[PDB]
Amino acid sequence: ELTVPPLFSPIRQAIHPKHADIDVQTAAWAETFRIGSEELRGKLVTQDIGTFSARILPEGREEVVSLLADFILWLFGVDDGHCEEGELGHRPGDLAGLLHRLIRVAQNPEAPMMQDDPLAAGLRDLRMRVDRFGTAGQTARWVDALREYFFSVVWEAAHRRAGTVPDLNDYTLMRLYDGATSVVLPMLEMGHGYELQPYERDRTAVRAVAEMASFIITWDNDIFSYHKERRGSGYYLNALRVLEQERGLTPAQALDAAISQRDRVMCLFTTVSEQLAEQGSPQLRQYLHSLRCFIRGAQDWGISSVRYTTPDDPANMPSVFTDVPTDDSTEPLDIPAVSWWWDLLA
């Protein structure tokens, strides 16, 4: 059983001043739309999801912070409710059908299908609010991001059904999306009332720093949520388990290897994003700031939420983040799916 040390983060804390109201309003939202079973919802409303959103969009427009918080709770509604603690999470094919239908609800709330499902009803409310604060492009990107997430958790469900653990390369590829990190990105733009143009947003290097944020956020989560996951009775996947199997490591060794990986991605992210900011648009500079807010917001929330601290069986969490890495090198990760990120240096 493990000790998680303070992790390296060069980003300063920030939070929206109305974080408390937002957290209350998200709990009310979960109740209004009856998101999750009574048991699951009871947990979710106590997990400071509004506070989390307030750290992701610390200077964002309040209505969007609220939208993002409701969305993050909805996402746990599907991820906990179906994928990790539901029957559909062992049935990749059935899962795929449900998620395809939910995509259609997100595209067309008016379509007379899944009119009885609470998750669908919640999604319609979210889409309606995306229509207020987003362009057509951002809305489609939000839907495409939902599909990315949905396709990756069907793949995760294949592993859960077979009880298998993917190799590091497959895990990384999967984990870039199955943490529902890319779905947040359009709302970062909406939160500040601008649209990131395709020539920047879809530029290979800008996509890369977005993936780096996803990697750091999911790896930091793997580290912080390890306790909560390992001690649960259900199947679980994370970087530590993958590294134990792949490199024949103990949990403690797997922890250190994981920390070294996210440290190197943290450093790369900072360097490449600074390069991009120097000659990017004002919108790109704001986007890159929001990626920092997302990473650090997930860091502060990860060590504080009862979702990870689990008071009934307390996690051993650090209280602070350090401002220097354990792994200082610019040696690329030995992971084919992401090693190309280091080609972006010059």
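Numbering starts at 1 and follows the sequence shown.
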{"property": "Greater mean Cα temperature factor according to the PDB record, 284 to 292 or 30 to 38", "result": "30 to 38"}
{"property": "Higher-scoring stretch by recorded Cα B factor average, 239 to 247 or 169 to 177", "result": "239 to 247"}
{"property": "From 122, 97, 191, 232, residue of greatest CA B-factor", "result": "232"}
{"property": "Residue with maximal Cα B-factor (values as given in the PDB entry) among 186, 198, 86, 109", "result": "86"}
{"property": "Position of residue 22 among the chain's modelled residues by C-alpha B-factor, lowest, middle or highest third", "result": "middle"}
{"property": "Within-chain third of residue 337 by Cα B-factor, per the entry", "result": "lowest"}
{"property": "Chain-wide C-alpha B factor ranking for residue 80, given as lowest, middle or highest third", "result": "middle"}
{"property": "Cα B factor band for residue 115 (lowest, middle or highest third within the chain)", "result": "highest"}
{"property": "Position of residue 161 among the chain's modelled residues by C-alpha B-factor, lowest, middle or highest third", "result": "highest"}
